[PDB]
Amino acid sequence: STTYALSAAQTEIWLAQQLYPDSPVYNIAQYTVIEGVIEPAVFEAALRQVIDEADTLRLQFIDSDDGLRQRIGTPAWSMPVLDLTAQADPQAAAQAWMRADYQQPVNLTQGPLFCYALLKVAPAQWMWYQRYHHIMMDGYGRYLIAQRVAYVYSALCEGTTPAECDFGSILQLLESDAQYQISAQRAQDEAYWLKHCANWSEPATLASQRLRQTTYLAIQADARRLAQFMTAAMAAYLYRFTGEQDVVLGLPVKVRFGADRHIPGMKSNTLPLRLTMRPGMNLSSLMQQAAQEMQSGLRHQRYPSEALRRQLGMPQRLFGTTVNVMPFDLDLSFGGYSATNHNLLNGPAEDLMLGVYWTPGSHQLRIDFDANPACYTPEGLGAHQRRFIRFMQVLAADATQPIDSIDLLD
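Residues 7 to 214, 222 to 234, 241 to 334, 337 to 431 (the entry's author numbering) make up the sequence shown, in order.
Take a look at the structure:
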């Protein structure tokens with residue numbers, strides 16, 4: 007049958023998993039707590055329909071004489087139904103079962119790349135467990151699969167047939183990438199990114222399993244320009260703390276190649292953003308420089324960052342900090358009962374990841390620091406978060422004030 011090549015990121019994930027077969031670092035996990043009753047047969051039927059709809063769950067990765075390939079197959083899976091109403095601590099028992107699952111390493115060749123389970127923790131409260139592998143799923147695809155599961159289960163439980171899928175097939179992305187691999191546009195993007203990152207520097211970093226610290230706040234001062248402001252603020256903070264005038268940040272971009280719908284499993288492309296800190300620069304100048312730099316690499320955004328890393332002299338990172346500004350995911354409804362999503366495991370740490378979560382029509386922001394434990398301590402991460410948030414509030418208070426004259430308090 008038709009086999010397809012792995013992306014550079016998928017190849018790196020495969021190689022790192024084979025080098026450390028005992029590490030469950032590539033496992034992505036979450037659970038949906040549903041306040042009500044669930045019919046498990048209908049849920050399994052919906053799970054099976056969406057598995058065939060989000061066919062990235064049907065992907066099989068082989069290592070044949072051709073090389074490391076991927077193809078659409080029929081994966082063998084099961085949906086266990088657990089009852090914890092008789093346990094002394096039902097929620098703790100569900101947490102223990104989920105932790106027993108997502109802490110097991112998974113063999114990529116022939117082993118279940120996803121695991122679906124249902125856990126009854128109360129007479130009117132269930133827990134839908136979802137575990138994937140990083141080689142075929144990200145966070146947004148995870149939420150989209152959960153949402154489609156909720157919709158299809160609700161449709162099947164109240165008789166009506168579910169409306170058509172609004173996902174594209176993963177093979178659309180596979181064919182698009184196969185054509186782009188031999189494109190002249192890819193050669194142009196490669197040349198541009200090798201010229202733009204020519205020589206360069208050490209990534210300005212605060213580097214000194223995953224460490225996660227959350228802070229809530231509201232500030233006196241739109242998603243695109245909130246991302247602009249957060250990028251400029253983190254770059255200025257790195258410049259003020261490390262003393263580096265050339266700061267490189269990672270900015271994930273949803274690559275657009277003509278796909279009408281979203282394809283679960285289609286990863287983002289984290290592009291390096293180079294920002295130069297000249298003396299006497301304010302937040303206005305830094306934000307406009309960031310906008311111009313994002314515009315300069317806009318037509319070249321499809322070149323994968325892993326290829327740019329490997330095609331350079333890197334054994337090992339273009340950037341130490343990535344900035345992710347995204348709204349909160351909408352809460353879900355199963356049949357008619359409420360359900361909230363709760364994260365268990367996400368992608369492994371690339372040094373430091375800054376997540377900025379905002380809600381429409383409100384001033385409140387949520388700031389998440391997801392750091393690599395080998396280069397950050399909890400106390401250091403907390404001090405960095407506090408200092409950065411205070412410095413960012415000072416920035417937002419006056420966009421014309423020079424960054425050099427801002428007090429960096431600890």
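The C-beta atom is built at its ideal place from N, Cα and C for all residues, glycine as well.
Endpoints, the alpha helix (DSSP H) within which residue i is located
| i | result |
| --- | --- |
| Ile78 | Note, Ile78: premise wrong, no alpha helix (DSSP H); beta strand (DSSP E) at 73 to 78. |
| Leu177 | 176 to 187 |
| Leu200 | 190 to 202 |
| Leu327 | 324 to 329 |
Among the options, the one whose alpha carbon lies nearest that of residue i
| i | options | result |
| --- | --- | --- |
| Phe276 | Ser182, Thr342, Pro27, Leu331 | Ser182 |
| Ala47 | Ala309, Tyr159, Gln23 | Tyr159 |
| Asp144 | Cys203, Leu88, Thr295, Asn367 | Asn367 |
| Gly269 | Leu180, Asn301, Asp372, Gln185 | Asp372 |
| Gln93 | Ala254, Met374, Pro129 | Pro129 |
| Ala278 | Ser70, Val127, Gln97, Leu179 | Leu179 |
| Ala252 | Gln406, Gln16, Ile44 | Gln406 |
| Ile427 | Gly401, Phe67, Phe260 | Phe260 |
| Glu208 | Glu263, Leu200, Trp20 | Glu263 |
| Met374 | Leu224, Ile151, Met306, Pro30 | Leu224 |
| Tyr108 | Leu294, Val377, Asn364, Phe412 | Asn364 |
| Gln247 | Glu164, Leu302, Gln414, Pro423 | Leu302 |
| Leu74 | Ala395, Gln23, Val43, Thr17 | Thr17 |
| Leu65 | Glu59, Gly341, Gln76, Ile151 | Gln76 |
| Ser324 | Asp241, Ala99, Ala60, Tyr198 | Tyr198 |
| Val155 | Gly376, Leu53, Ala254 | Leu53 |
| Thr398 | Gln226, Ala169, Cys171 | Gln226 |
Counterpart residues of residue i in DSSP-defined beta bridges
| i | result |
| --- | --- |
| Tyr159 | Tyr159 pairs with nothing; no bridge assigned. |
| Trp134 | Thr38, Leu124 |
| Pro46 | In DSSP, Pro46 forms no bridge with anything. |
| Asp391 | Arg225, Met374 |
| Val87 | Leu124 |
| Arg293 | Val267 |
| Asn205 | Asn205 is not bridged to any residue. |
| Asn288 | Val272 |
Supposed contact pair residue j and residue i - C-beta distance, whole angstroms, cut 8 Å
| i | j | result |
| --- | --- | --- |
| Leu230 | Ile410 | 6 Å |
| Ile188 | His384 | The Cβ separation is near 49 Å, so there is no contact. |
| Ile141 | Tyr26 | Not really, about 14 Å apart at Cβ, beyond 8 Å. |
| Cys203 | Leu294 | Not really, about 13 Å apart at Cβ, beyond 8 Å. |
| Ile151 | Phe355 | Going by Cβ atoms, the distance from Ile151 to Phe355 rounds to 14 Å, so no, they are not a contact pair. |
Where residue i falls: helix, strand or coil (DSSP)
| i | result |
| --- | --- |
| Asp350 | coil |
| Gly269 | strand |
| residue 335 | Missing here is residue 335: after 334, the next number in the chain is 337. |
| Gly147 | helix |
| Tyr397 | coil |
| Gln385 | strand |
| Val344 | strand |
| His139 | strand |
| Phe67 | strand |
| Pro96 | helix |
| residue 488 | Residue 488 lies beyond the stretch modelled for the chain, which goes from 7 to 431, so this question has no answer here. |
| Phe173 | strand |
| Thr421 | coil |
| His363 | strand |
| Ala234 | coil |
| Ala11 | strand |
Extent of the continuous beta strand (DSSP E) run through residue i
| i | result |
| --- | --- |
| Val377 | 373 to 379 |
| residue 3 | For residue 3 there is no data in the structure shown, the boundaries of the chain being 7 and 431. |
| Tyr229 | 224 to 231 |
| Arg280 | Element bounds for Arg280: n/a, residue is neither H nor E. |
| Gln308 | Unbroken run through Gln308 is the alpha helix (DSSP H), 302 to 315; no beta strand (DSSP E). |
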